[PDB]
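**Student:** What follows is a single structure, and I will ask about it in a moment.
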Amino acid sequence: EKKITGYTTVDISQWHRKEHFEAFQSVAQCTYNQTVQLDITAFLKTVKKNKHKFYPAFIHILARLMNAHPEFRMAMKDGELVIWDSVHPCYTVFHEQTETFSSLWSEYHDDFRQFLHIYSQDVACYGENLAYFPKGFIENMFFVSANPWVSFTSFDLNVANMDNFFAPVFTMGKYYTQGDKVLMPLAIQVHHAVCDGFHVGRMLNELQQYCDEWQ
Amino acid sequence: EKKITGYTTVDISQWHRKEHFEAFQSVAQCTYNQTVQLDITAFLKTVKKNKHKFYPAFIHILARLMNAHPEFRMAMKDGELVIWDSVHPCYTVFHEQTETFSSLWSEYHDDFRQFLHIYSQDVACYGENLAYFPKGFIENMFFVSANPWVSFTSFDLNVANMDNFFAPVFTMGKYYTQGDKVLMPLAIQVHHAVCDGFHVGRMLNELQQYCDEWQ
Amino acid sequence: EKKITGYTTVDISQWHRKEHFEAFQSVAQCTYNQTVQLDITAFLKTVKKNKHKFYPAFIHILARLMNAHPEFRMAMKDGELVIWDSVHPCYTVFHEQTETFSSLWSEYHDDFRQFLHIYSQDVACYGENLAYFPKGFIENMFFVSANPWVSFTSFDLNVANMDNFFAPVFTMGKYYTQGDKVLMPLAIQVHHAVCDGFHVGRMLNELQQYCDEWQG
Ligand SMILES: O=C(N[C@H](CO)[C@H](O)c1ccc([N+](=O)[O-])cc1)C(Cl)Cl
Ligand SMILES: O=C(N[C@H](CO)[C@H](O)c1ccc([N+](=O)[O-])cc1)C(Cl)Cl
Ligand SMILES: O=C(N[C@H](CO)[C@H](O)c1ccc([N+](=O)[O-])cc1)C(Cl)Cl
């Protein structure tokens with residue numbers, strides 16, 4: 001019948017980043033991309049040993065991180081800075097016949113068995129649907145762009161209006177063999193009003209960790 | 001004396017990217033850069049075996065792709081989205097004495113011998129002209145920027161105004177040795193309204209393929 | 001006490017890039033990032049031989065380069081294009097206890113022993129001060145950002161308002177081993193009105209050379 005999404009109102013005055021947030025909202029406002037050559041040698045072997053698809057498995061890791069730190073779940077409600085209780089993955093699906101992509105969001109759960117079941121359900125449903133947003137918008141989401149075409153050494157998302165655009169964006173490239181290691185390009189872009197080099201740094205470090213500890 | 005340029009009006013209704021174009025024209029408007037580490041080992045060996053300069057031969061390969069796929073030949077005319085019959089390369093020539101660059105375009109031809117003849121004629125002519133555009137602006141053109149200074153793992157063009165800026169931009173790096181292979185960084189900035197990940201993707205793949213053939 | 005900042009007003013009429021500047025200020029205005037996988041093998045072994053920290057040593061090399069070429073020392077003063085006689089580094093300091101970063105600046109000197117003494121004086125002073133700009137703003141400065149958390153293959157900075165923003169920005173990453181070499185990710189962003197490919201090009205080529213020599 002109905003569902004409500006939860007948030008937390010943050011008073012800037014009590015926040016240790018009050019002066020930074022005020023600056024990257026006005027004078028110093030900027031977004032930044034960064035690309036890493038992620039090692040997924042262990043993440044590939046374990047995914048392939050199991051009856052699993054790479055894409056939703058990696059999605060889950062990302063969402064897990066995104067639901068681990070409040071600096072990623074920030075948005076502007078009614079002119080007020082808030083933190084979502086949870087943030088759901090918006091991922092891209094490619095339609096081979098028409099050469100277009102579509103974006104659909106799955107509901108997030110910590111449990112991987114549960115998340116894949118919701119994912120498969122959404123992809124078995126809207127997977128062949130030609131609409132740009134088969135399910136539509138949801139206030140509390142982050143984005144994952146699949147780029148299986150290019151093993152990129154760089155990726156930069158360059159938006160025209162970045163005002164209040166706090167939702168982080170992942171782009172993942174074509175993985176490849178290098179020595180005894182299998183690496184996958186990963187790009188992350190964020191707003192500086194909500195994310196410092198440190199915030200994105202520890203997440204990307206934990207991103208390596210999780211890709212070396214099962215699904 | 002007089003010539004008229006290619007013009008194909010796209011009616012947005014009959015297009016499979018109707019709402020895609022609509023979104024990236026307003027709400028989600030953005031450009032995106034990707035750098036790749038291009039293999040040119042076979043390309044350099046065949047260019048060096050013949051009497052060709054590296055620069056014009058590569059320009060041709062890019063323009064061969066640019067004129068193979070309509071998504072790269074898109075532009076806004078009189079408030080309408082059109083596709084140019086053909087698009088011509090605009091390259092940068094460096095003036096070492098004054099430490100500045102100029103931009104001049106050459107007329108595209110599918111025959112390489114003929115295009116290099118045009119290129120030779122154009123560079124022999126205006127190569128020492130200190131005007132920013134010694135030949136002027138032209139509607140149907142894409143960009144190539146030379147950067148033999150730096151072997152970059154990243155390059156990002158970052159336009160202040162991206163309204164209707166559908167013309168794609170290449171930047172090529174200082175090539176270098178790595179084992180047996182010769183890598184040259186290449187980077188494309190493209191408007192998202194006209195190009196999706198897939199579009200840039202197949203062209204980079206075809207860019208690789210074409211480099212592994214002859215000139 | 002009192003201090004007058006030196007500059008030189010550039011008349012555009014005589015300048016060889018008058019056409020480019022006018023273009024990259026209106027119609028084709030853009031900034032551009034680029035990341036280089038820097039070879040610091042010789043630079044590390046030299047800094048580690050002495051009792052110097054890596055950060056100030058590198059800060060100095062970048063500043064020595066900005067203050068070498070006028071195209072990095074450009075800005076809009078009172079609606080006019082001026083070149084500062086010198087440009088100072090604004091570097092970042094991370095506070096671990098509160099997980100926020102500050103930005104201070106040290107008056108640049110061509111002599112490394114001198115500079116470091118001022119840098120030390122500033123960090124020993126405001127290194128534990130939790131204000132965003134513990135020293136404040138300065139007309140003539142370039143930016144250096146430490147990113148020791150990620151060994152990035154690409155860093156890209158996208159500013160909202162690039163109007164007249166000619167001050168160059170550096171982002172330096174987590175250095176790592178690659179065979180015999182020790183390489184370190186480095187990004188620069190510049191306004192195309194003040195910087196062409198060649199300017200960034202030679203500075204990064206010189207940056208490699210200055211790293212293969214001594215600390216200063
Ligand atoms: O447009 C999408 N993805 C593209 C794929 O190239 C890219 O990741 C992107 C994401 C967000 C965006 N935005 O918010 O303006 C623009 C492009 C969907 Cl995820 Cl909405
Ligand atoms: O501006 C030029 N070249 C620069 C050099 O790096 C770059 O390729 C570029 C191309 C197009 C552009 N634009 O139209 O906004 C801006 C920079 C000339 Cl090709 Cl016009
Ligand atoms: O905010 C700062 N640094 C960040 C660190 O992520 C970055 O170097 C940056 C530099 C300049 C800038 N600007 O003025 O637009 C914004 C961010 C200070 Cl150095 Cl001003």
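In the structure tokens, the first chain shown is A, the next is B, and so on; residue numbers restart at 1 for each chain, and ligands run from 1 in the order shown.
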Contacts between chain C and chain B, please, where a residue of chain B counts if it comes within 8 Å (with only C-alpha atoms); show its shortest atom pair and distance in Å to one decimal, rows by chain and ascending number, as CSV.
**Tutor:**
residue,atom,partner,partner_atom,distance
B:98,CA,C:16,CA,7.5
B:99,CA,C:198,CA,7.4
B:100,CA,C:17,CA,7.1
B:131,CA,C:19,CA,7.8
B:132,CA,C:19,CA,6.3
B:147,CA,C:197,CA,6.4
B:149,CA,C:201,CA,4.9
B:150,CA,C:201,CA,5.9
B:151,CA,C:36,CA,7.0
B:152,CA,C:36,CA,5.1
B:153,CA,C:35,CA,5.6
B:154,CA,C:35,CA,4.7
B:155,CA,C:34,CA,4.4
B:156,CA,C:33,CA,5.0
B:157,CA,C:32,CA,4.8
B:158,CA,C:31,CA,5.1
B:159,CA,C:30,CA,4.3
B:160,CA,C:30,CA,5.2
B:161,CA,C:29,CA,7.4
**Student:** Write out, as a short mmCIF file (atom, residue, chain, number, x, y, z; two decimals), in the first residue's frame, the residues just selected, with C-alpha atoms.
**Tutor:**
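Now in again-v9.cif:
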data_model
loop_
_atom_site.label_atom_id
_atom_site.label_comp_id
_atom_site.auth_asym_id
_atom_site.auth_seq_id
_atom_site.Cartn_x
_atom_site.Cartn_y
_atom_site.Cartn_z
CA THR B 98 56.36 32.00 -30.91
CA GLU B 99 55.31 29.06 -28.67
CA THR B 100 51.64 29.21 -29.70
CA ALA B 131 46.37 33.46 -36.91
CA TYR B 132 44.40 31.27 -34.47
CA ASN B 147 49.87 16.83 -26.99
CA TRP B 149 54.55 16.83 -24.70
CA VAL B 150 53.14 14.39 -22.14
CA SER B 151 52.39 10.66 -22.01
CA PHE B 152 49.20 11.16 -20.00
CA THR B 153 47.12 8.53 -18.21
CA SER B 154 44.39 11.19 -18.14
CA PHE B 155 43.13 14.17 -20.13
CA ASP B 156 39.89 16.02 -19.48
CA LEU B 157 38.43 18.80 -21.55
CA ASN B 158 36.09 20.78 -19.35
CA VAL B 159 33.90 23.21 -21.32
CA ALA B 160 32.30 26.18 -19.52
CA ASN B 161 29.31 26.18 -21.88
#
**Student:** Any idea what's packed within 9 Å of range 209-213 of chain C, counting only C-alpha atoms, ignoring anything in its chain fewer than 4 positions away? Could you give it as a ChimeraX atom specification?
**Tutor:** /C:39-44,46,58,61,204-205
**Student:** Produce a file of the selected residues containing N, CA and C atoms, as a short mmCIF file (atom, residue, chain, number, x, y, z; two decimals), in the first residue's frame.
**Tutor:**
data_model
loop_
_atom_site.label_atom_id
_atom_site.label_comp_id
_atom_site.auth_asym_id
_atom_site.auth_seq_id
_atom_site.Cartn_x
_atom_site.Cartn_y
_atom_site.Cartn_z
N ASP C 39 57.77 9.78 -12.28
CA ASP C 39 58.90 8.97 -11.81
C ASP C 39 59.66 9.73 -10.72
N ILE C 40 59.49 9.29 -9.47
CA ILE C 40 60.08 9.98 -8.32
C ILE C 40 61.16 9.14 -7.64
N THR C 41 61.63 8.11 -8.33
CA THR C 41 62.60 7.15 -7.78
C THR C 41 63.85 7.84 -7.24
N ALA C 42 64.44 8.71 -8.05
CA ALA C 42 65.62 9.47 -7.64
C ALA C 42 65.28 10.52 -6.58
N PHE C 43 64.10 11.12 -6.71
CA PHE C 43 63.64 12.16 -5.80
C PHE C 43 63.39 11.64 -4.38
N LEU C 44 62.83 10.44 -4.26
CA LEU C 44 62.61 9.82 -2.96
C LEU C 44 63.91 9.46 -2.24
N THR C 46 66.74 10.68 -2.52
CA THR C 46 67.45 11.90 -2.13
C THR C 46 66.82 12.56 -0.90
N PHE C 58 58.43 18.54 -2.27
CA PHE C 58 57.67 18.59 -3.52
C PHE C 58 56.94 19.93 -3.73
N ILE C 61 59.25 22.28 -5.33
CA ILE C 61 59.54 22.02 -6.74
C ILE C 61 58.44 22.59 -7.65
N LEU C 204 55.77 20.01 -16.95
CA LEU C 204 55.76 18.62 -16.52
C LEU C 204 57.02 17.88 -16.96
N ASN C 205 57.62 18.32 -18.06
CA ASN C 205 58.90 17.77 -18.52
C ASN C 205 60.04 18.26 -17.65
#
**Student:** Which residues are near ligand 1 in this structure, taking near to mean any atom at most 7 Å from a ligand atom and counting only C-alpha atoms and all ligand atoms? Format them as a PyMOL selection string.
**Tutor:** (chain A and resi 90-92+103+143-145+157+159+169-171) or (chain B and resi 27-30+196-197)
**Student:** Nearest residue to chain A out of B:7, B:54, B:165, B:142, using only C-alpha atoms?
**Tutor:**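 Ranking B:7, B:54, B:165, B:142 by distance to chain A, first place goes to B:165.
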**Student:** Which neighbours of range 135-138 of chain B fall inside 9 Å, counting only C-alpha atoms, when residues of the same chain fewer than 4 positions from it are skipped, and could you give them as a PyMOL selection string?
**Tutor:** chain B and resi 88+103-105+122+126+131
**Student:** Next, dump the selected residues to file, keeping only C-alpha atoms, as a PDB file, in the first residue's frame.
**Tutor:**
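Saved the output as out-v3.pdb:
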ATOM      1  CA  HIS B  88      36.103  17.288 -41.486  1.00  0.00           C
ATOM      2  CA  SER B 103      43.966  25.373 -35.741  1.00  0.00           C
ATOM      3  CA  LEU B 104      43.268  24.506 -39.353  1.00  0.00           C
ATOM      4  CA  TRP B 105      40.842  21.992 -40.849  1.00  0.00           C
ATOM      5  CA  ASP B 122      46.847  22.895 -46.248  1.00  0.00           C
ATOM      6  CA  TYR B 126      49.138  27.945 -43.630  1.00  0.00           C
ATOM      7  CA  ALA B 131      46.365  33.458 -36.908  1.00  0.00           C
TER       8      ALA B 131
END
